[PDB]
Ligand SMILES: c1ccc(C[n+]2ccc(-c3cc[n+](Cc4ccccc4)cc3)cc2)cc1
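One chain follows as structure tokens, the form deposited without the ligand.
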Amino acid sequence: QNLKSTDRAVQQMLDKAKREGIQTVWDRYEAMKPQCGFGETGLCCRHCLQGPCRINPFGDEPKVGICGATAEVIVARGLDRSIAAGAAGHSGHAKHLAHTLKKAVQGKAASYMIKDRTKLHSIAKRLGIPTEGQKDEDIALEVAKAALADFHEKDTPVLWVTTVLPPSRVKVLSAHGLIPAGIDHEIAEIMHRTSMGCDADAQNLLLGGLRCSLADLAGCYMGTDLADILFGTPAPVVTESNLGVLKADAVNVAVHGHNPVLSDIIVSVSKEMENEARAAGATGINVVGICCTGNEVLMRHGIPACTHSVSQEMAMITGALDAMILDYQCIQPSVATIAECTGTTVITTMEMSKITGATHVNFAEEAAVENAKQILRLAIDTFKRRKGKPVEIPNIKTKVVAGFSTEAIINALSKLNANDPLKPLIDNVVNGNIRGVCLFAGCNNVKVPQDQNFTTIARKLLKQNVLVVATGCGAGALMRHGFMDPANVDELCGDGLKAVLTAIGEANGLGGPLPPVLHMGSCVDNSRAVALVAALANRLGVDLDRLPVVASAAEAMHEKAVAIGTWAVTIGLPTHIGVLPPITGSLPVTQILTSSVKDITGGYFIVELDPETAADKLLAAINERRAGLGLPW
């Protein structure tokens, strides 16, 4: 079971599902091989009823789509559509948060409120929204209206793009017409231009896709900002991760998905429902996290991460998972089917995200508490049915220090320098103690043994004094293998990095160093690493395509991840992706994305499937940026 997952709890539960006869994602993957060469290479198109059209990667006819579409065009249209669908997911989540905020500050959802006034003021001022003499509800109402405004055309471009990148980057992007005019506008225009009989030039297509990926960036940044206003800016926390955070003698309730609007209230209501949890023989309600909603409650409240991504079903396999509460995105629909064998109540809540088989509780921000209890009651109900029956929880769990928002990191650096908090980080970059910065992002993928690319690449980079920050299921993969535990700095980190992590730690009231990897939150919280990197650029007066920053979607899978990789390339970063995107059917497009895009944005894609090789190329790019600053490496 090692070619499936490098996670030991996951291997134990895989053995269980094998003997109990429950189909897993790896099983469905095994029944899918050998996969379609056309699909994998991108040479498949079904945008009209004359198709499907396939193009042979190598050989005789068909050399071209029925309508005449070349391989360059088929590949670039497919990729543009994945960028747009990612942008739709991130943007829908942030749009929901903006409606939540407007409802709140107009007295419509008393379960919600402004929990971070500093953040709201810094945002409203980033946007040129007047603060002084204006009351908070009016300020937040303005901020929310602006968020909603960024989804359509208007007098200004998308503010959550133009006001969050260094103006030099904004100028570089505006010269090539890359600035989104509206988030949903860009999504619709992608769907227009990639449909049959429209755009038929690969450069033109890919430029459209770069623009749409900045629309996605805006969705991420909006979601981060709005969720921080609404639920508090993450600050460092200590919790634990892996399946061992589940307890047999408690009501175990998993928050799973991406949108914290629901699950943060779940977290807060669960505490008061203890009185009722006891009357069923439970120590209480044990709220754990799966995927990105889980990372959100782990960043804000120290909620332990139970599992992530490709191994989410393994949670239910323990037999101790009483309630799985979904919102949307990255939920394997198999959980519904699986719940009949493991005894779990699987509950959907968002009306555009139901799974056939599941129970649906219609959540709305206005009646939050009334539904939260309704769900948790059901959770305790299921704990009745499984009282005194054999659970198998692998006793595997790790110590996780997380909650490193960009604000937390700037506060952490301030204790070394109160009026120039970025100065110490810059100094240790300049003298080699930090070789560069690498952001691990994205999901697990069934094609890659779970966490293998993440942990391998992280191992080389840490041993090379690269500051590593991580989000979403990247942060999940690293924390489940010890990389968010300060006690592992010694083994993992090279001497200089060790020194800096130690200096900051001892200077922040601990006598111990920061974790070896900085957990920065969920998928939209990739925006946080932009905020930091932008700040870095600004404090040094250069564009991002000169900083020794890189990014790695080491085991990418979802369309969100493609949009994210593309907007890391678009804001200047060298961007590795550890699974094939479907571009290898076109050398011109591959060449545009790994090279000639260098000439437009300074970023570029690094396609490398071997994790050791990928760490080498990532260090090579970091070191090239060093050499461009005149820096030693």
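Each residue number is its position in the shown sequence, starting from 1.
From this point on, the text means the form deposited with the ligand bound, which you will not see here.
In the entry with it bound, the ligand stays beyond 4.5 Å of every heavy atom belonging to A620. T41 belongs to the set of residues with a heavy atom inside 4.5 Å of the ligand in the entry with it bound. Remark: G585 counts among the residues lining the ligand in the entry with it bound, judged by a heavy atom distance of 4.5 Å or less. Though the partner is left out of this view, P57 does reach within 4.5 Å of the ligand in the entry with it bound, counting heavy atoms only. Residues of 600 to 616 placing a heavy atom within 4.5 Å of the ligand in the entry with it bound: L609 alone.
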